[PDB]
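Text of the file final00.txt, holding compact mmCIF, C-alpha atoms:
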```
# COMPACT_ATOMS: atom_id res chain seq x y z
CA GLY R 1 -11.12 32.95 -9.82
CA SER R 2 -13.28 34.68 -8.93
CA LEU R 3 -15.76 32.05 -10.18
CA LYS R 4 -13.58 28.96 -10.39
CA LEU R 5 -14.51 25.64 -8.77
CA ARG R 6 -14.39 25.47 -4.97
CA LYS R 7 -12.94 22.39 -3.26
CA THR R 8 -14.73 20.65 -0.40
CA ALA R 9 -13.14 20.90 3.06
CA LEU R 10 -12.28 17.18 2.86
CA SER R 11 -10.66 17.60 -0.57
CA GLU R 12 -8.52 20.42 0.83
CA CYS R 13 -7.39 18.09 3.67
CA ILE R 14 -6.62 15.32 1.16
CA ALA R 15 -4.45 17.78 -0.78
CA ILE R 16 -2.58 18.62 2.44
CA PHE R 17 -2.11 14.89 3.11
CA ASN R 18 -0.79 14.17 -0.37
CA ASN R 19 1.71 17.01 0.02
CA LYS R 20 2.84 16.07 3.54
CA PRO R 21 1.02 13.26 5.36
CA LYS R 22 2.14 14.14 8.91
CA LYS R 23 0.93 17.75 8.44
CA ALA R 24 -2.59 16.56 7.56
CA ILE R 25 -3.20 14.62 10.79
CA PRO R 26 -3.46 17.64 13.12
CA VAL R 27 -5.52 19.46 10.44
CA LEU R 28 -7.95 16.55 9.96
CA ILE R 29 -8.58 16.47 13.74
CA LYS R 30 -8.93 20.29 13.93
CA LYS R 31 -11.55 20.13 11.17
CA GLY R 32 -13.34 17.08 12.62
CA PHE R 33 -12.53 14.56 9.87
CA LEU R 34 -10.34 12.53 12.23
CA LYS R 35 -11.31 11.53 15.79
CA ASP R 36 -7.77 11.59 17.17
CA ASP R 37 -4.18 10.66 16.24
CA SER R 38 -4.36 7.06 17.51
CA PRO R 39 -2.95 4.43 15.12
CA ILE R 40 -6.36 2.84 14.58
CA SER R 41 -8.11 6.15 13.85
CA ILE R 42 -5.47 7.13 11.31
CA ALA R 43 -5.33 3.66 9.70
CA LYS R 44 -9.12 3.60 9.27
CA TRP R 45 -9.08 7.06 7.65
CA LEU R 46 -6.37 5.96 5.19
CA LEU R 47 -8.48 2.96 4.11
CA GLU R 48 -11.89 4.69 4.05
CA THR R 49 -10.90 7.88 2.22
CA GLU R 50 -10.89 8.06 -1.59
CA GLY R 51 -8.37 10.24 -3.42
CA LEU R 52 -5.27 9.62 -1.32
CA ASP R 53 -2.08 9.24 -3.32
CA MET R 54 -0.98 5.62 -2.92
CA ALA R 55 2.68 6.57 -2.96
CA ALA R 56 2.13 9.21 -0.29
CA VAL R 57 0.24 6.62 1.81
CA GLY R 58 2.95 3.98 1.35
CA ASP R 59 5.74 6.39 2.23
CA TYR R 60 3.81 7.53 5.33
CA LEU R 61 3.20 3.96 6.50
CA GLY R 62 6.81 3.09 5.69
CA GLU R 63 8.51 5.81 7.76
CA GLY R 64 11.21 4.49 10.11
CA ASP R 65 9.60 6.05 13.18
CA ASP R 66 7.83 3.99 15.84
CA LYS R 67 4.56 5.97 15.57
CA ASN R 68 4.37 5.37 11.81
CA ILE R 69 5.20 1.71 12.37
CA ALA R 70 2.26 1.55 14.82
CA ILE R 71 -0.06 3.14 12.22
CA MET R 72 1.15 0.64 9.61
CA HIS R 73 0.45 -2.26 11.98
CA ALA R 74 -3.07 -0.90 12.55
CA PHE R 75 -3.49 -0.50 8.78
CA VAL R 76 -2.69 -4.20 8.20
CA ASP R 77 -4.96 -5.10 11.14
CA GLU R 78 -7.95 -3.58 9.29
CA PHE R 79 -7.70 -6.19 6.52
CA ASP R 80 -9.78 -9.34 6.63
CA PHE R 81 -7.77 -12.10 4.93
CA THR R 82 -9.90 -14.90 6.42
CA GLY R 83 -10.44 -17.67 3.84
CA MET R 84 -8.44 -15.96 1.07
CA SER R 85 -5.57 -17.56 -0.80
CA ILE R 86 -2.26 -15.89 0.00
CA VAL R 87 -2.39 -14.42 -3.54
CA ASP R 88 -5.84 -12.89 -3.02
CA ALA R 89 -4.71 -11.49 0.33
CA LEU R 90 -1.54 -10.06 -1.23
CA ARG R 91 -3.54 -8.52 -4.10
CA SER R 92 -5.94 -6.83 -1.69
CA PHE R 93 -3.05 -5.57 0.44
CA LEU R 94 -0.58 -4.37 -2.22
CA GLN R 95 -3.22 -2.62 -4.34
CA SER R 96 -4.02 -0.35 -1.33
CA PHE R 97 -0.65 1.50 -1.16
CA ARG R 98 2.72 1.70 -2.94
CA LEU R 99 5.56 -0.18 -1.26
CA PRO R 100 8.51 2.11 -0.43
CA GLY R 101 11.92 1.63 -1.95
CA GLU R 102 14.23 0.51 0.82
CA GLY R 103 14.29 -3.14 1.71
CA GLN R 104 14.08 -2.71 5.46
CA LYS R 105 10.78 -0.83 5.07
CA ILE R 106 9.38 -3.43 2.69
CA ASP R 107 10.33 -6.15 5.18
CA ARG R 108 8.26 -4.42 7.90
CA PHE R 109 5.15 -4.43 5.66
CA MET R 110 5.61 -8.00 4.50
CA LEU R 111 6.30 -9.43 7.96
CA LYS R 112 3.15 -7.80 9.35
CA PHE R 113 1.17 -8.99 6.32
CA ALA R 114 2.47 -12.54 6.88
CA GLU R 115 1.59 -12.44 10.58
CA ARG R 116 -1.95 -11.21 9.85
CA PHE R 117 -2.44 -13.76 7.09
CA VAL R 118 -1.43 -16.69 9.29
CA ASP R 119 -3.43 -15.38 12.27
CA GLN R 120 -6.60 -15.34 10.19
CA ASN R 121 -5.87 -18.56 8.31
CA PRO R 122 -4.66 -21.05 10.91
CA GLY R 123 -3.42 -24.34 9.48
CA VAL R 124 -2.49 -23.04 6.01
CA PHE R 125 1.12 -22.55 7.08
CA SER R 126 2.68 -23.63 10.36
CA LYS R 127 4.93 -20.53 10.46
CA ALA R 128 4.56 -16.89 9.46
CA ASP R 129 8.10 -17.09 7.99
CA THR R 130 6.69 -19.35 5.25
CA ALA R 131 4.05 -16.77 4.30
CA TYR R 132 6.68 -14.01 4.56
CA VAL R 133 9.16 -15.56 2.11
CA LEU R 134 6.42 -16.82 -0.20
CA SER R 135 5.08 -13.26 -0.49
CA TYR R 136 8.38 -12.03 -1.97
CA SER R 137 8.42 -14.90 -4.44
CA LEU R 138 4.86 -14.02 -5.46
CA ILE R 139 5.75 -10.34 -5.92
CA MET R 140 8.70 -11.34 -8.12
CA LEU R 141 6.56 -13.76 -10.13
CA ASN R 142 3.97 -11.02 -10.62
CA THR R 143 6.62 -8.65 -11.94
CA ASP R 144 8.26 -11.22 -14.24
CA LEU R 145 4.96 -12.38 -15.73
CA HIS R 146 3.33 -8.95 -16.20
CA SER R 147 5.74 -5.99 -15.82
CA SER R 148 9.40 -6.79 -16.46
CA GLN R 149 11.15 -5.29 -19.48
CA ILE R 150 14.56 -6.80 -18.60
CA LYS R 151 13.76 -10.42 -17.67
CA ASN R 152 11.96 -13.20 -19.51
CA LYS R 153 8.75 -14.61 -18.05
CA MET R 154 9.39 -16.83 -15.03
CA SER R 155 8.42 -20.46 -15.66
CA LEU R 156 6.42 -22.52 -13.21
CA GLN R 157 9.50 -24.73 -12.76
CA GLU R 158 11.55 -21.70 -11.70
CA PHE R 159 8.82 -20.57 -9.29
CA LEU R 160 8.87 -24.04 -7.66
CA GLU R 161 12.66 -23.89 -7.35
CA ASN R 162 12.55 -20.43 -5.77
CA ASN R 163 10.40 -21.77 -2.92
CA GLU R 164 12.32 -24.95 -2.12
CA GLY R 165 12.39 -25.73 1.60
CA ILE R 166 10.22 -22.83 2.79
CA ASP R 167 7.66 -24.91 4.74
CA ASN R 168 9.64 -25.33 7.96
CA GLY R 169 12.56 -26.81 6.00
CA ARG R 170 10.45 -28.85 3.58
CA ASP R 171 9.05 -28.11 0.12
CA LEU R 172 5.43 -27.05 -0.22
CA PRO R 173 3.28 -29.37 -2.34
CA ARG R 174 3.78 -28.80 -6.08
CA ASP R 175 0.02 -28.60 -6.64
CA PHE R 176 -0.32 -25.85 -4.02
CA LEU R 177 2.39 -23.71 -5.61
CA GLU R 178 1.07 -24.36 -9.13
CA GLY R 179 -2.31 -23.03 -7.96
CA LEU R 180 -0.76 -19.80 -6.72
CA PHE R 181 1.31 -19.46 -9.90
CA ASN R 182 -1.87 -19.64 -11.99
CA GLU R 183 -3.67 -17.13 -9.76
CA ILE R 184 -0.88 -14.62 -10.42
CA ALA R 185 -0.61 -15.52 -14.12
CA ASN R 186 -4.34 -15.00 -14.71
CA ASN R 187 -4.77 -11.78 -12.71
CA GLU R 188 -1.85 -9.36 -12.23
CA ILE R 189 -1.44 -7.68 -8.85
```
Turn the structure described in the file into structure tokens.
Amino acid sequence: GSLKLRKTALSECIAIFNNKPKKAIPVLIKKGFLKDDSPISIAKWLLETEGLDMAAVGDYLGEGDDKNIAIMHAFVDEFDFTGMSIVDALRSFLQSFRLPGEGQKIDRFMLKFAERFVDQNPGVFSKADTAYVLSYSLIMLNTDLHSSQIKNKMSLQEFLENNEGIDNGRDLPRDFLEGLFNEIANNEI
């Protein structure tokens, strides 16, 4: 300093979180920014607070510990997917944190997402498993249309093929899948 910028108390706590998420929880409560360490309290703070590192958040929610799993479930429970297409729901969800690397962690996120989506949109799909597998196909499509340096763009035909049989052992309607394809094509997640 001695006259350099001072950080707010909240900004100091956010810095602690971004360095080590679990260390911030007992500090946020101590300082009154967090009511308690219940899954719902923590999940709400993650979603309400600006300036959190999305990779730090994703890694925290993705930890293979039952308490972190509970927080992640609460995090998904805060989303309102009612009336959204599965693409709009996925966009809202995946733009709020960075998915971790290991497949088993990803699967936890995507299964809970699928369950929440079907709970709030009864009659779109008969089974959460349909929304679950479709979500991976949509993530792959998103990558191949907008991000990939090592694959050509995925065609609509290929996207249809990739989802054969997923509706309780039957194909989804072509028009339904074409709609989702275009949603992804026109606005990257």
(request) Mind giving me the straight-line distance from CA of residue 168 (chain R) to CA of residue 88 (chain R) in Å, one decimal? (result)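 Pair CA of residue 168 (chain R) / CA of residue 88 (chain R) returns 22.7 Å.
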(message) Using Å and a single decimal, report how far CA of residue 186 (chain R) sits from CA of residue 95 (chain R).
(response)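 Going from CA of residue 95 (chain R) over to CA of residue 186 (chain R), I get 16.2 Å.
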Once 4 Å is added on each side, what centre and edge lengths in Å to one decimal does the axis-aligned box around all listed atoms of region 108-117 of chain R have, as lines of an AutoDock Vina configuration file?
```
center_x = 2.9
center_y = -9.1
center_z = 7.5
size_x = 18.7
size_y = 17.3
size_z = 14.1
```
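Nearest residue to residue 126 (chain R), choosing from R:167, R:107, R:48, R:178 and counting all atoms listed in the file: R:167.
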What lies within 12 Å of residue 125 (chain R) using only C-alpha atoms, ignoring chain neighbours under 2 positions off, as an mmCIF file with C-alpha atoms, in the frame of the given file?
```cif
data_model
loop_
_atom_site.group_PDB
_atom_site.id
_atom_site.type_symbol
_atom_site.label_atom_id
_atom_site.label_comp_id
_atom_site.auth_asym_id
_atom_site.auth_seq_id
_atom_site.Cartn_x
_atom_site.Cartn_y
_atom_site.Cartn_z
ATOM 1 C CA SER R 85 -5.570 -17.560 -0.800
ATOM 2 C CA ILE R 86 -2.260 -15.890 0.000
ATOM 3 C CA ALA R 114 2.470 -12.540 6.880
ATOM 4 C CA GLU R 115 1.590 -12.440 10.580
ATOM 5 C CA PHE R 117 -2.440 -13.760 7.090
ATOM 6 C CA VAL R 118 -1.430 -16.690 9.290
ATOM 7 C CA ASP R 119 -3.430 -15.380 12.270
ATOM 8 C CA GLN R 120 -6.600 -15.340 10.190
ATOM 9 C CA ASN R 121 -5.870 -18.560 8.310
ATOM 10 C CA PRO R 122 -4.660 -21.050 10.910
ATOM 11 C CA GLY R 123 -3.420 -24.340 9.480
ATOM 12 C CA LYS R 127 4.930 -20.530 10.460
ATOM 13 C CA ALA R 128 4.560 -16.890 9.460
ATOM 14 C CA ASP R 129 8.100 -17.090 7.990
ATOM 15 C CA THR R 130 6.690 -19.350 5.250
ATOM 16 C CA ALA R 131 4.050 -16.770 4.300
ATOM 17 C CA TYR R 132 6.680 -14.010 4.560
ATOM 18 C CA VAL R 133 9.160 -15.560 2.110
ATOM 19 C CA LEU R 134 6.420 -16.820 -0.200
ATOM 20 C CA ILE R 166 10.220 -22.830 2.790
ATOM 21 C CA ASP R 167 7.660 -24.910 4.740
ATOM 22 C CA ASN R 168 9.640 -25.330 7.960
ATOM 23 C CA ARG R 170 10.450 -28.850 3.580
ATOM 24 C CA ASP R 171 9.050 -28.110 0.120
ATOM 25 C CA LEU R 172 5.430 -27.050 -0.220
ATOM 26 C CA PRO R 173 3.280 -29.370 -2.340
ATOM 27 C CA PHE R 176 -0.320 -25.850 -4.020
#
```
(message) So the first atom is CA of residue 181 (chain R) and the second is CA of residue 163 (chain R); what is the distance between them in Å, to one decimal place?
(response) 11.7 Å
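Proximity of R:15, R:10, R:145, R:87 to residue 34 (chain R), computed with all atoms listed in the file, is greatest for R:10.
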May I have the protein, DNA and RNA residues with any atom at most 7 Å from the point (-4.6, 12.2, 0.4), counting all atoms listed in the file, written as a PDB file with C-alpha atoms, keeping the file's coordinate frame?
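Result written to part_0.pdb:
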```pdb
ATOM      1  CA  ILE R  14      -6.620  15.320   1.160  1.00  0.00           C
ATOM      2  CA  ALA R  15      -4.450  17.780  -0.780  1.00  0.00           C
ATOM      3  CA  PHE R  17      -2.110  14.890   3.110  1.00  0.00           C
ATOM      4  CA  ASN R  18      -0.790  14.170  -0.370  1.00  0.00           C
ATOM      5  CA  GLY R  51      -8.370  10.240  -3.420  1.00  0.00           C
ATOM      6  CA  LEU R  52      -5.270   9.620  -1.320  1.00  0.00           C
ATOM      7  CA  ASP R  53      -2.080   9.240  -3.320  1.00  0.00           C
TER       8      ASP R  53
END
```
(request) Using all atoms listed in the file, determine which residues lie at most 12 Å from residue 99 (chain R), disregarding the query and same-chain residues fewer than 5 positions distant; provide the list as a list in words. (result) residues 54, 55, 56, 57, 58, 59, 60, 61, 62, 63, 72, 93, 94, 104, 105, 106, 107, 108, 109, 110 and 139 of chain R
(request) Compare R:150, R:74, R:47, R:89 by their minimum atom-to-atom distance to residue 183 (chain R), counting all atoms listed in the file, and give me the closest one. (result) R:89
(message) Which residues are close to residue 40 (chain R), i.e. within 12 Å by only C-alpha atoms, leaving aside same-chain residues fewer than 6 positions away? Reply as a list in words.
(response) residues 34, 46, 47, 67, 68, 69, 70, 71, 72, 73, 74, 75, 76, 77 and 78 of chain R
